[PDB]
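A single chain, nothing else alongside it, follows as structure tokens in the form deposited in one PDB entry.
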């Protein structure tokens, strides 16, 4: 494979160059939202982000080497985690708020408009505040997001994927050792980042159940692509 032959810096640059853009929400935002208007802006935004994520995944080293069937399984199981960790990363320099879009910055009080969304909101704000206190670097963020893509669905099927996961691990340690962190601080910071992935998985499971709740209580029509990504978790 071509992903294993890369170097730690060439792996960082290839992931940074593959980063999807920050999309905008539908403008003319009426300052107070309703339950349907807020979910309308969110499902529309998430649907367009999914198109960019699918093309971002191809640019992940080692992802094209997998079969078409395996690429489908990994994205279907990881898509909400990847949207969430991206949202969390965008909201780092905005404490107490979630930056869904540059023109859509929401507070936790605005999460009270949709039932069951305040719990997911607080979990997302807590993840962003955790990234801020750790001073998460963008080079580390793109590594964590690729780890989510390749790891979250590999057990519901393997050697190649695990070889790429080890390759990314070598890249995380390389970045931390460049920042001057001691040998003890490197594996301690490596563990702290990877444990947050467990909570990102938890938020995705709680978020997935909430989206399924809106499917049968259809106040906002979900796109067919968003429905197929949602149906794959049942």
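Numbering follows the first chain given and starts at 1. In this text, the rigid core denotes the largest set of C-alpha atoms whose superposition between the two forms falls within 1.5 Å.
Absent from the display: the form deposited in another entry. The rest refers to it.
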{"query": "Per-residue C-alpha change between the shown form and the other one, residue 214, threshold 2 Å, rigid core fit", "finding": "yes"}
{"query": "Relative Cα spacing, residue 215 and residue 223, in the other form - shift of 3 Å or more", "finding": "farther"}
{"query": "Closer or farther: C-alpha pair residue 76/residue 215 in the other form, relative to this form, given a change of 3 Å or more", "finding": "farther"}
